[PDB]
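Asker: After the structure tokens below, expect a handful of questions from me.
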Amino acid sequence: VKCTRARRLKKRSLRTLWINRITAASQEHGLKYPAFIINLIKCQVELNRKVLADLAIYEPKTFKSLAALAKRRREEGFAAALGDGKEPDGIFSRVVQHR
Amino acid sequence: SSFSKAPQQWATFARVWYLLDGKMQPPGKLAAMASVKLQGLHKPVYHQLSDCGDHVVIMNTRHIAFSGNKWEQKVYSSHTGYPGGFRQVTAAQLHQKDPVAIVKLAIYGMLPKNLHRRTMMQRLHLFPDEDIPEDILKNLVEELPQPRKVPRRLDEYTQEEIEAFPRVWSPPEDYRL
Amino acid sequence: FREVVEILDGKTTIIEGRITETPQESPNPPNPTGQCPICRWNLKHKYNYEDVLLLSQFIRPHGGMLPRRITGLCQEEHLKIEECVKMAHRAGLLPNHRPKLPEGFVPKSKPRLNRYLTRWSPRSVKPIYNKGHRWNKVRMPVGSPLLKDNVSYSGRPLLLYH
Amino acid sequence: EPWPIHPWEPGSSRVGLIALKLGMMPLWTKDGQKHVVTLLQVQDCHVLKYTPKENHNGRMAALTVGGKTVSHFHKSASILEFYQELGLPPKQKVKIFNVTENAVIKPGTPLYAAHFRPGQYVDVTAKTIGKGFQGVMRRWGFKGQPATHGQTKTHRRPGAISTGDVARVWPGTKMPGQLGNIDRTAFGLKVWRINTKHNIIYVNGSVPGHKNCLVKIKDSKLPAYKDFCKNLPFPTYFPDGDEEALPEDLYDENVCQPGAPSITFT
Amino acid sequence: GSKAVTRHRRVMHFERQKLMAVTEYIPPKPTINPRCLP
Amino acid sequence: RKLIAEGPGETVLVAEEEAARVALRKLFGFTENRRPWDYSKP
Amino acid sequence: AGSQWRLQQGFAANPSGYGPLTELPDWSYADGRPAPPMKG
Amino acid sequence: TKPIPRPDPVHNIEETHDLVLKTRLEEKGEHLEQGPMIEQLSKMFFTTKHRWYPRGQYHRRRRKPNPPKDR
Amino acid sequence: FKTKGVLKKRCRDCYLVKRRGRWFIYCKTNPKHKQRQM
RNA sequence: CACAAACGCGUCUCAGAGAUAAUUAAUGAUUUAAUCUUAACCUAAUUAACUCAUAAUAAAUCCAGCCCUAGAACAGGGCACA
Ligand SMILES: [Mg+2]
Ligand SMILES: [Mg+2]
Ligand SMILES: [Mg+2]
Ligand SMILES: [Mg+2]
Ligand SMILES: [Mg+2]
Ligand SMILES: [Mg+2]
Ligand SMILES: [Mg+2]
Ligand SMILES: [Mg+2]
Ligand SMILES: [Mg+2]
Ligand SMILES: [Mg+2]
Ligand SMILES: [Mg+2]
Ligand SMILES: [Mg+2]
Ligand SMILES: [Zn+2]
Ligand SMILES: [Zn+2]
């Protein structure tokens, strides 16, 4: 019974571990986890927590590139909200459709 | 990148000594980042079973600051086990008795309630003032930024800034101060 | 600014008033149409205990507050600044706005404990020995409730009791 | 090679001795009262080692004093090496006295019972008479149960030990155990007589411990008797410093001497 | 089981408490305080 | 004054030896980031 | 997370919803011939 | 960067007999009790005193003789 | 002193002052009017 | 009290500093008077607690046998004067 329950909880435990690692590597770049995740989603970069943790552990430069992209998207969104103008759009804030 | 297995392991799981100034800083905000560093939640290689943990040296403990009236309201309760041996000491009295005790108890509280808490506490060094032994000073890697911005007093303000700040109101000449 | 001068010359007391030069208001305020000082200078919901350059403008040299009929503030802001001045004085700012006592400065006492955002007086609050359980919790109040209308860039409300 | 002798200061403290408790004697006072004195014989007191203030406590230095001589054949190798480097035979009881920095004495210096003068208050530390594993009535003084009113196997039992709701006994519960073999201190014991030839101190009142045991004597630390070391020899008693032999018996101003006119009231 | 009307304020069900908190009155707040507005 | 390689170690001598090994590997082209072996049919 | 942003942009609340990450064939033969279709 | 510190000092060298001087740097040994040794180890490695105590037969028998290894 | 929950002036010479975290009705002419807010 | 000991009914000793709650007054604005101040500055008279000076232990690896005022066993103190 404990084996079945722990098999169910293993996914949650490993997801929490990946989230903790992504945080660690994010505040190591001076960026918070919620902002990093939302700005990575806004860039249509659909990398799950496991892959993000793998990149954080073994690809420091790639993870720093991802953090820089997420941050840049964050200032782009903040500037768009401050300006409140339909015409001014950021470079990385453009949305691409399916093809 | 192209290291041998043993040096790569040592570099990955090496211990780091951090410095933390405690002058005019809240114990909760200091000890929260302290607990983060002791657990190792700042490492992407972190795991509960692994022994990933770094040392933290907190200085200027005697000059700590409490927000609000916590100095007179916050209490610390202990019991010696013997009947009638239940003591409740105010935060001010506890700080006057032992300056280290405040931050020590805050870190102990925010550390996990597992058996590893004692192990990570043994890696914590707290000093009331800027008097750190050389053997520990030679281990420091970096100093973490203060979590709270210390406000300046009136005399600490520069005269050019004082003149730049406008006078909102004009006092009358007939009034006496 | 007026000053009372007393001269003692052979069983004779001379009390005289002296008028000195006083600084005036800056020429260009952002909002000249406001009658009230802070909320014509556009500082409403902007100042705090950290802001000493604004709190120190209208206070007596001995740390006392100044009358509203002389200052000109609207009542809410007068009360807010009274609370802020009390908070700064208890926190340890405004070091030169203390009375000068040559006798009491030699017998030093216990070091002044650092504090900030303190609401009550340090000598009037009794320590909470029961501290309450989770459902009924006796909080330690931090900061004055009059400062709840200040601008919050983060957007989160200010925790006045913790 | 004596160490420099510093002048006495009001905040200074003095070194003690380690004597041997001989017995008890009566002693009458000039007002007709009868006191009981205990005999403390200073056989062999020597300063063994000196620990500096910062390396011992940070407030006061420590001087180590040895007691009565013992045999070399039953001591350990390290103790024998220490006494070999010191140049003195091994001692039985080795104690530590907390002294001020101005009353330090070179190790290897002997101490004599004339270190205390007639009229003074001393504190006595020793292991009391160990009565072994004793019952609760003799250890804590609890009242027993009635002996013959039907009580069954309960005449000396402690009875209830705790409370039903607590479901446990408190750590401060009084119960039978070891009694006596522990270091106790008696404070404010007046000294009436100092015998110089045999090095004997007559201390008023009872002394904790059996006869012929080693006893640690020091000044009284009571707040009422804090500053009586002014008239007393500050570093210690040096018989060679004065170049004058003290009288055989040093008496107090109230002790009725054995040679007395058989005082009568008027 | 208590009556419909009681003296102890009849501590309320959680969803009704949430409903009351949501439907609490919100006074109209002007942009500028009219006291020392012109 | 140009960094060609770096190496970690428990002691300074071991760290220097590891740095020399890393520089040697970089010079010889045998690096962890090198081209994987070509397994194809020419 | 990020569901409201995707709903505003028109994509599904879940990246698994009708997106190219799931609709496209995730593998094919090295020759280039199409793979057997997916049961889902 | 900073230069590499180098510490090379041999104070055990004797001008009379270097053969004995060489053993003067190798004849250093020390032995302590369990308590003091565990305290010294805990102080040196910044850990607790309970880690260095041994374990029983039940735990020593159940350890895997050939644990799996990756890489 | 009398400890009370509600304080009132029993004469025109009483004055109300906040001290030690409580309210105090102090009277000099009639000392029996001394009231302390509990 | 028919043991060298134990015992009371017999004898000896028993303490300095800080700190406070209630409550008094000095100085002083909001409220240029006054006002002990969930206004500051130093204030002074102040309960019991509670901590701290101070006091006790606080020299590691000889232990076969024999004594002990040391002890259930294990431990601990002695075995050179004589
Ligand atoms: Mg599932
Ligand atoms: Mg016995
Ligand atoms: Mg009886
Ligand atoms: Mg019966
Ligand atoms: Mg019977
Ligand atoms: Mg029966
Ligand atoms: Mg229980
Ligand atoms: Mg019903
Ligand atoms: Mg006045
Ligand atoms: Mg008056
Ligand atoms: Mg103490
Ligand atoms: Mg022995
Ligand atoms: Zn206004
Ligand atoms: Zn009245």
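The way I read the labels, and the way they are meant: chains A, B, ... in the order of the structure tokens, residue 1 as the first residue of every chain, and ligand 1 as the first ligand shown, with later ones counted on from there.
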Give the residues of chain J that lie within 9 Å of chain B; count only C-alpha atoms (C1' of nucleotides), and format the answer as a PyMOL selection string.
Answerer: chain J and resi 32+50-51
Asker: Tell me which protein, DNA and RNA residues are within 12 Å of segment 130-132 of chain C, counting only C-alpha atoms (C1' of nucleotides), leaving out same-chain ones fewer than 2 positions away, and put them as a PyMOL selection string.
Answerer: (chain B and resi 73-77+88) or (chain C and resi 126-128+134-140+162)
Asker: Given a cut-off of 12 Å, what residues near ligand 12 show up using only C-alpha atoms (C1' of nucleotides) and all ligand atoms, put as a list in words?
Answerer: residues 74, 75, 76 and 92 of chain D; 62, 63, 68, 70, 75, 76, 77, 78 and 79 of chain J
Asker: Hey, what's within 12 Å of residue 51 of chain H if we count only C-alpha atoms (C1' of nucleotides) and toss same-chain stuff fewer than 4 positions away? As a list in words, please?
Answerer: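 Non-adjacent residues within range: residues 115, 116, 118 and 119 of chain B; 38, 39, 41, 42, 45, 46, 47 and 55 of chain H.
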Asker: As a CSV table (one decimal) with N, CA and C atoms, in the first residue's frame, list the residues of segment 5-175 of chain B assigned to strand (DSSP E) by DSSP on the backbone atoms of this structure.
Answerer:
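Everything below was put into selection-v3.csv:
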```csv
chain,number,residue,atom,x,y,z
B,17,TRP,N,31.7,29.7,2.1
B,17,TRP,CA,31.5,30.5,3.3
B,17,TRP,C,30.9,31.9,2.9
B,18,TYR,N,29.8,32.3,3.4
B,18,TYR,CA,29.1,33.6,3.1
B,18,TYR,C,29.2,34.5,4.4
B,19,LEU,N,29.3,35.8,4.1
B,19,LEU,CA,29.3,36.8,5.1
B,19,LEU,C,28.0,37.5,5.2
B,20,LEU,N,27.5,37.9,6.4
B,20,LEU,CA,26.2,38.6,6.5
B,20,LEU,C,26.3,39.6,7.6
B,21,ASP,N,26.2,40.9,7.2
B,21,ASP,CA,26.3,42.0,8.2
B,21,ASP,C,24.9,42.1,8.8
B,55,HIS,N,28.4,27.4,4.8
B,55,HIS,CA,28.6,28.1,6.1
B,55,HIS,C,28.2,29.6,5.9
B,56,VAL,N,27.6,30.1,7.0
B,56,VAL,CA,27.2,31.5,7.0
B,56,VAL,C,27.8,32.1,8.3
B,57,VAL,N,28.5,33.2,8.2
B,57,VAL,CA,29.0,34.0,9.3
B,57,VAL,C,28.3,35.3,9.4
B,58,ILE,N,27.5,35.5,10.4
B,58,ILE,CA,26.7,36.7,10.7
B,58,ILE,C,27.4,37.5,11.7
B,59,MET,N,27.7,38.8,11.4
B,59,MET,CA,28.4,39.7,12.2
B,59,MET,C,27.4,40.9,12.6
B,65,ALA,N,18.0,45.1,14.9
B,65,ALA,CA,16.8,45.9,15.0
B,65,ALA,C,15.5,45.1,14.9
B,66,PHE,N,14.5,45.4,15.7
B,66,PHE,CA,13.2,44.8,15.7
B,66,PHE,C,12.2,45.9,15.1
B,67,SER,N,11.3,45.4,14.2
B,67,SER,CA,10.3,46.3,13.7
B,67,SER,C,9.2,46.4,14.7
B,75,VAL,N,8.4,37.6,23.4
B,75,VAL,CA,8.9,36.9,24.5
B,75,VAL,C,9.5,35.6,24.0
B,76,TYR,N,10.4,35.0,24.8
B,76,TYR,CA,11.0,33.7,24.6
B,76,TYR,C,10.8,32.9,25.9
B,77,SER,N,10.1,31.7,25.7
B,77,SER,CA,9.7,30.9,26.8
B,77,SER,C,10.5,29.6,26.8
B,78,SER,N,11.1,29.3,27.9
B,78,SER,CA,11.8,28.0,28.1
B,78,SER,C,11.4,27.4,29.4
B,79,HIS,N,11.7,26.1,29.5
B,79,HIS,CA,11.5,25.4,30.8
B,79,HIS,C,12.6,24.4,31.1
B,86,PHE,N,9.8,27.4,34.8
B,86,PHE,CA,9.3,27.9,33.5
B,86,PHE,C,9.6,29.4,33.5
B,87,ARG,N,10.5,29.8,32.5
B,87,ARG,CA,10.9,31.2,32.4
B,87,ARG,C,10.4,31.8,31.1
B,88,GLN,N,10.0,33.1,31.2
B,88,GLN,CA,9.7,33.8,30.0
B,88,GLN,C,10.4,35.1,30.0
B,89,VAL,N,11.4,35.3,29.1
B,89,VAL,CA,12.3,36.4,29.0
B,89,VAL,C,11.9,37.3,27.8
B,90,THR,N,11.8,38.6,28.1
B,90,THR,CA,11.5,39.5,27.0
B,90,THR,C,12.6,39.5,26.0
B,124,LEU,N,26.9,27.1,11.3
B,124,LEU,CA,26.5,28.5,11.5
B,124,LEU,C,27.4,29.2,12.5
B,125,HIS,N,27.9,30.3,12.2
B,125,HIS,CA,28.8,31.1,13.1
B,125,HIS,C,28.2,32.5,13.3
B,126,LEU,N,27.9,32.9,14.5
B,126,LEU,CA,27.3,34.2,14.8
B,126,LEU,C,28.2,35.0,15.8
B,140,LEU,N,36.0,33.2,4.0
B,140,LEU,CA,34.9,34.0,3.4
B,140,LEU,C,35.1,34.1,1.9
B,141,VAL,N,34.0,33.8,1.2
B,141,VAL,CA,34.0,33.9,-0.3
B,141,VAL,C,33.4,35.2,-0.7
B,142,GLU,N,32.1,35.4,-0.4
B,142,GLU,CA,31.4,36.7,-0.7
B,142,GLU,C,30.5,37.1,0.5
B,143,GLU,N,30.1,38.3,0.4
B,143,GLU,CA,29.2,38.9,1.4
B,143,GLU,C,27.8,39.1,0.8
```
Asker: Which is closest to ligand 2 among D:134, D:196, D:236, D:162, if we use only C-alpha atoms and all ligand atoms?
Answerer: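 When distances to ligand 2 are compared using only C-alpha atoms and all ligand atoms, the smallest one comes from D:134.
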Asker: What does the distance between atom CA of residue 12 of chain B and atom CA of residue 48 of chain H come to in Å, to one decimal place?
Answerer: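 Atom CA of residue 48 of chain H lies at a distance of 23.2 Å from atom CA of residue 12 of chain B.
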Asker: Which residues are near ligand 10 - at most 9 Å, using only C-alpha atoms (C1' of nucleotides) and all ligand atoms? Format: as an NGL selection string.
Answerer: :J and (25 or 34-35)
Asker: As an exercise, work out the distance from atom CA of residue 60 of chain A to atom CA of residue 25 of chain A in Å and give it to one decimal place.
Answerer: 8.6 Å
Asker: Distance limit 10 Å, reference ligand 13, atoms considered: only C-alpha atoms (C1' of nucleotides) and all ligand atoms. Which residues make the cut? Give them as a ChimeraX atom specification.
Answerer: /C:34-44,72-78 /E:33-37
Asker: Let's have the selection written as a PDB file, in the first residue's frame, with N, CA and C atoms.
Answerer:
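The resulting file, part31.pdb, is shown below:
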```pdb
ATOM      1  N   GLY C  34      -3.416  73.886  -4.792  1.00  0.00           N
ATOM      2  CA  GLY C  34      -3.716  73.331  -3.483  1.00  0.00           C
ATOM      3  C   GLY C  34      -3.374  74.317  -2.376  1.00  0.00           C
ATOM      4  N   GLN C  35      -4.304  74.462  -1.431  1.00  0.00           N
ATOM      5  CA  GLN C  35      -4.093  75.367  -0.305  1.00  0.00           C
ATOM      6  C   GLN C  35      -3.166  74.752   0.733  1.00  0.00           C
ATOM      7  N   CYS C  36      -3.282  73.450   0.944  1.00  0.00           N
ATOM      8  CA  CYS C  36      -2.605  72.673   1.969  1.00  0.00           C
ATOM      9  C   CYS C  36      -1.189  72.309   1.522  1.00  0.00           C
ATOM     10  N   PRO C  37      -0.197  72.388   2.417  1.00  0.00           N
ATOM     11  CA  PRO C  37       1.208  72.288   1.962  1.00  0.00           C
ATOM     12  C   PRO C  37       1.592  70.975   1.294  1.00  0.00           C
ATOM     13  N   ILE C  38       1.427  69.835   1.970  1.00  0.00           N
ATOM     14  CA  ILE C  38       1.908  68.576   1.401  1.00  0.00           C
ATOM     15  C   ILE C  38       1.152  68.246   0.124  1.00  0.00           C
ATOM     16  N   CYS C  39      -0.173  68.296   0.186  1.00  0.00           N
ATOM     17  CA  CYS C  39      -1.002  67.982  -0.963  1.00  0.00           C
ATOM     18  C   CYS C  39      -1.228  69.185  -1.877  1.00  0.00           C
ATOM     19  N   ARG C  40      -0.346  70.187  -1.812  1.00  0.00           N
ATOM     20  CA  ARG C  40      -0.093  71.070  -2.946  1.00  0.00           C
ATOM     21  C   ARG C  40       1.308  70.873  -3.503  1.00  0.00           C
ATOM     22  N   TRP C  41       2.225  70.350  -2.692  1.00  0.00           N
ATOM     23  CA  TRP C  41       3.544  69.951  -3.162  1.00  0.00           C
ATOM     24  C   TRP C  41       3.558  68.532  -3.709  1.00  0.00           C
ATOM     25  N   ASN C  42       2.402  67.863  -3.726  1.00  0.00           N
ATOM     26  CA  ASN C  42       2.245  66.527  -4.301  1.00  0.00           C
ATOM     27  C   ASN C  42       3.048  65.485  -3.525  1.00  0.00           C
ATOM     28  N   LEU C  43       2.937  65.518  -2.199  1.00  0.00           N
ATOM     29  CA  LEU C  43       3.571  64.534  -1.335  1.00  0.00           C
ATOM     30  C   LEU C  43       2.562  63.715  -0.541  1.00  0.00           C
ATOM     31  N   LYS C  44       1.268  63.874  -0.816  1.00  0.00           N
ATOM     32  CA  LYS C  44       0.259  63.072  -0.141  1.00  0.00           C
ATOM     33  C   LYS C  44       0.436  61.600  -0.487  1.00  0.00           C
ATOM     34  N   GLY C  72      -0.567  74.608   8.699  1.00  0.00           N
ATOM     35  CA  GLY C  72      -1.513  74.722   7.607  1.00  0.00           C
ATOM     36  C   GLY C  72      -1.955  73.419   6.972  1.00  0.00           C
ATOM     37  N   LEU C  73      -1.592  72.274   7.541  1.00  0.00           N
ATOM     38  CA  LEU C  73      -1.928  70.991   6.945  1.00  0.00           C
ATOM     39  C   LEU C  73      -3.404  70.658   7.145  1.00  0.00           C
ATOM     40  N   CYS C  74      -3.937  69.827   6.250  1.00  0.00           N
ATOM     41  CA  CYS C  74      -5.238  69.234   6.515  1.00  0.00           C
ATOM     42  C   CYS C  74      -5.095  68.175   7.603  1.00  0.00           C
ATOM     43  N   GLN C  75      -6.184  67.968   8.348  1.00  0.00           N
ATOM     44  CA  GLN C  75      -6.096  67.309   9.649  1.00  0.00           C
ATOM     45  C   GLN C  75      -5.538  65.895   9.536  1.00  0.00           C
ATOM     46  N   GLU C  76      -5.934  65.160   8.496  1.00  0.00           N
ATOM     47  CA  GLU C  76      -5.432  63.801   8.329  1.00  0.00           C
ATOM     48  C   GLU C  76      -3.917  63.790   8.178  1.00  0.00           C
ATOM     49  N   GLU C  77      -3.376  64.708   7.377  1.00  0.00           N
ATOM     50  CA  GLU C  77      -1.931  64.749   7.180  1.00  0.00           C
ATOM     51  C   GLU C  77      -1.207  65.295   8.408  1.00  0.00           C
ATOM     52  N   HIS C  78      -1.839  66.203   9.155  1.00  0.00           N
ATOM     53  CA  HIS C  78      -1.248  66.634  10.420  1.00  0.00           C
ATOM     54  C   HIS C  78      -1.104  65.458  11.380  1.00  0.00           C
TER      55      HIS C  78
ATOM     56  N   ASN E  33      -9.086  64.456  -2.727  1.00  0.00           N
ATOM     57  CA  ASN E  33      -9.758  64.806  -1.481  1.00  0.00           C
ATOM     58  C   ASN E  33     -10.317  66.221  -1.584  1.00  0.00           C
ATOM     59  N   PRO E  34     -11.625  66.419  -1.400  1.00  0.00           N
ATOM     60  CA  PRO E  34     -12.197  67.758  -1.610  1.00  0.00           C
ATOM     61  C   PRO E  34     -12.007  68.717  -0.444  1.00  0.00           C
ATOM     62  N   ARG E  35     -11.326  68.318   0.634  1.00  0.00           N
ATOM     63  CA  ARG E  35     -11.206  69.196   1.794  1.00  0.00           C
ATOM     64  C   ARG E  35     -10.454  70.466   1.411  1.00  0.00           C
ATOM     65  N   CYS E  36      -9.172  70.335   1.069  1.00  0.00           N
ATOM     66  CA  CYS E  36      -8.400  71.460   0.562  1.00  0.00           C
ATOM     67  C   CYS E  36      -8.042  71.299  -0.914  1.00  0.00           C
ATOM     68  N   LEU E  37      -8.910  70.637  -1.680  1.00  0.00           N
ATOM     69  CA  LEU E  37      -9.106  70.916  -3.095  1.00  0.00           C
ATOM     70  C   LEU E  37      -9.706  72.312  -3.174  1.00  0.00           C
TER      71      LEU E  37
END
```
Asker: Can you list, as a list in words, every protein, DNA or RNA residue that comes within 9 Å of segment 5-10 of chain G when you count only C-alpha atoms (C1' of nucleotides), leaving out same-chain residues fewer than 6 positions away?
Answerer: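 Contacts, with the query itself left out: residues 38, 41, 42 and 95 of chain A.
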Asker: Emit the selected residues as a short mmCIF file (atom, residue, chain, number, x, y, z; two decimals), in the first residue's frame, including N, CA, C and O atoms.
Answerer:
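After the write, again39.cif holds the following:
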```cif
data_model
loop_
_atom_site.label_atom_id
_atom_site.label_comp_id
_atom_site.auth_asym_id
_atom_site.auth_seq_id
_atom_site.Cartn_x
_atom_site.Cartn_y
_atom_site.Cartn_z
N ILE A 38 6.52 32.64 -15.98
CA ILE A 38 5.49 33.29 -16.78
C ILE A 38 6.10 33.95 -18.01
O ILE A 38 5.51 33.91 -19.10
N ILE A 41 6.87 31.24 -20.54
CA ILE A 41 5.65 30.84 -21.23
C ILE A 41 5.24 31.89 -22.26
O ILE A 41 4.81 31.55 -23.37
N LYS A 42 5.36 33.17 -21.90
CA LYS A 42 4.95 34.24 -22.81
C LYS A 42 5.78 34.24 -24.09
O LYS A 42 5.31 34.73 -25.12
N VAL A 95 3.63 37.54 -31.09
CA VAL A 95 3.03 36.21 -31.00
C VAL A 95 2.99 35.60 -32.39
O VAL A 95 2.49 36.22 -33.34
#
```
Asker: Let me see if you get this right: every residue at most 12 Å from ligand 6, counting only C-alpha atoms (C1' of nucleotides) and all ligand atoms, written as a ChimeraX atom specification.
Answerer: /D:150-154
Asker: Any idea what the distance is between atom CA of residue 37 of chain I and atom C1' of residue 39 of chain J?
Answerer: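 About the pair atom CA of residue 37 of chain I and atom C1' of residue 39 of chain J: they are 20.7 Å apart.
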Asker: Which residues of chain A come within 12 Å of chain G, and what is each one's closest atom pair and distance in Å (one decimal), counting only C-alpha atoms, sorted by chain and residue number, as JSON lines?
Answerer:
```
{"residue": "A:33", "atom": "CA", "partner": "G:1", "partner_atom": "CA", "distance": 11.5}
{"residue": "A:34", "atom": "CA", "partner": "G:1", "partner_atom": "CA", "distance": 9.0}
{"residue": "A:35", "atom": "CA", "partner": "G:2", "partner_atom": "CA", "distance": 10.6}
{"residue": "A:36", "atom": "CA", "partner": "G:1", "partner_atom": "CA", "distance": 11.2}
{"residue": "A:37", "atom": "CA", "partner": "G:1", "partner_atom": "CA", "distance": 7.6}
{"residue": "A:38", "atom": "CA", "partner": "G:2", "partner_atom": "CA", "distance": 5.9}
{"residue": "A:39", "atom": "CA", "partner": "G:2", "partner_atom": "CA", "distance": 9.0}
{"residue": "A:40", "atom": "CA", "partner": "G:2", "partner_atom": "CA", "distance": 9.5}
{"residue": "A:41", "atom": "CA", "partner": "G:2", "partner_atom": "CA", "distance": 6.5}
{"residue": "A:42", "atom": "CA", "partner": "G:5", "partner_atom": "CA", "distance": 7.4}
{"residue": "A:43", "atom": "CA", "partner": "G:5", "partner_atom": "CA", "distance": 10.9}
{"residue": "A:44", "atom": "CA", "partner": "G:6", "partner_atom": "CA", "distance": 9.4}
{"residue": "A:45", "atom": "CA", "partner": "G:15", "partner_atom": "CA", "distance": 10.5}
{"residue": "A:46", "atom": "CA", "partner": "G:15", "partner_atom": "CA", "distance": 7.6}
{"residue": "A:47", "atom": "CA", "partner": "G:15", "partner_atom": "CA", "distance": 10.4}
{"residue": "A:48", "atom": "CA", "partner": "G:1", "partner_atom": "CA", "distance": 10.3}
{"residue": "A:49", "atom": "CA", "partner": "G:1", "partner_atom": "CA", "distance": 10.8}
{"residue": "A:93", "atom": "CA", "partner": "G:9", "partner_atom": "CA", "distance": 11.6}
{"residue": "A:94", "atom": "CA", "partner": "G:9", "partner_atom": "CA", "distance": 10.8}
{"residue": "A:95", "atom": "CA", "partner": "G:9", "partner_atom": "CA", "distance": 7.9}
{"residue": "A:96", "atom": "CA", "partner": "G:9", "partner_atom": "CA", "distance": 9.8}
{"residue": "A:97", "atom": "CA", "partner": "G:11", "partner_atom": "CA", "distance": 9.0}
{"residue": "A:98", "atom": "CA", "partner": "G:20", "partner_atom": "CA", "distance": 6.9}
{"residue": "A:99", "atom": "CA", "partner": "G:20", "partner_atom": "CA", "distance": 8.1}
```
Asker: Would you save the residues of that selection, restricted to N, CA and C atoms, as a short mmCIF file (atom, residue, chain, number, x, y, z; two decimals), in the first residue's frame?
Answerer:
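Writing the result to selection_1.cif gives the following:
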```cif
data_model
loop_
_atom_site.label_atom_id
_atom_site.label_comp_id
_atom_site.auth_asym_id
_atom_site.auth_seq_id
_atom_site.Cartn_x
_atom_site.Cartn_y
_atom_site.Cartn_z
N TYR A 33 11.25 32.91 -9.45
CA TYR A 33 10.69 31.77 -10.17
C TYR A 33 9.37 32.08 -10.86
N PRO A 34 8.38 32.71 -10.21
CA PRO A 34 7.12 32.99 -10.93
C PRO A 34 7.31 33.87 -12.15
N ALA A 35 8.09 34.95 -12.01
CA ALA A 35 8.35 35.82 -13.15
C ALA A 35 9.08 35.08 -14.26
N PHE A 36 10.09 34.28 -13.89
CA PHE A 36 10.83 33.51 -14.88
C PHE A 36 9.91 32.57 -15.64
N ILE A 37 9.05 31.85 -14.93
CA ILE A 37 8.17 30.88 -15.58
C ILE A 37 7.15 31.57 -16.47
N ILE A 38 6.52 32.64 -15.98
CA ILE A 38 5.49 33.29 -16.78
C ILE A 38 6.10 33.95 -18.01
N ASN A 39 7.29 34.53 -17.88
CA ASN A 39 7.92 35.16 -19.04
C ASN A 39 8.52 34.14 -20.00
N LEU A 40 8.85 32.94 -19.53
CA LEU A 40 9.23 31.88 -20.45
C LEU A 40 8.03 31.33 -21.21
N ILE A 41 6.87 31.24 -20.54
CA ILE A 41 5.65 30.84 -21.23
C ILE A 41 5.24 31.89 -22.26
N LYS A 42 5.36 33.17 -21.90
CA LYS A 42 4.95 34.24 -22.81
C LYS A 42 5.78 34.24 -24.09
N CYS A 43 6.99 33.71 -24.04
CA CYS A 43 7.84 33.60 -25.22
C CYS A 43 7.59 32.32 -26.01
N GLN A 44 6.52 31.59 -25.68
CA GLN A 44 6.16 30.35 -26.37
C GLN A 44 7.29 29.33 -26.31
N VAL A 45 8.00 29.30 -25.19
CA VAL A 45 9.05 28.32 -24.94
C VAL A 45 8.48 27.33 -23.93
N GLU A 46 8.01 26.18 -24.43
CA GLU A 46 7.30 25.21 -23.60
C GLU A 46 8.26 24.12 -23.15
N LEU A 47 9.12 24.47 -22.20
CA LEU A 47 10.04 23.53 -21.58
C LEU A 47 9.53 23.22 -20.18
N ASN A 48 9.34 21.94 -19.89
CA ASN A 48 8.79 21.55 -18.60
C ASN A 48 9.83 21.70 -17.50
N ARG A 49 9.38 21.50 -16.26
CA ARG A 49 10.24 21.72 -15.10
C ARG A 49 11.41 20.75 -15.08
N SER A 93 7.93 40.24 -27.72
CA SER A 93 6.54 40.12 -27.31
C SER A 93 5.61 39.77 -28.46
N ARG A 94 6.14 39.61 -29.67
CA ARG A 94 5.32 39.24 -30.82
C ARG A 94 4.87 37.79 -30.70
N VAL A 95 3.63 37.54 -31.09
CA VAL A 95 3.03 36.21 -31.00
C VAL A 95 2.99 35.60 -32.39
N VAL A 96 3.50 34.38 -32.51
CA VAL A 96 3.53 33.65 -33.77
C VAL A 96 2.49 32.53 -33.71
N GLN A 97 1.72 32.38 -34.78
CA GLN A 97 0.67 31.39 -34.83
C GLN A 97 1.23 30.03 -35.27
N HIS A 98 0.36 29.03 -35.32
CA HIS A 98 0.76 27.70 -35.73
C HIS A 98 0.98 27.63 -37.23
N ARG A 99 1.92 26.79 -37.64
CA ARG A 99 2.23 26.59 -39.05
C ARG A 99 2.54 25.13 -39.34
#
```
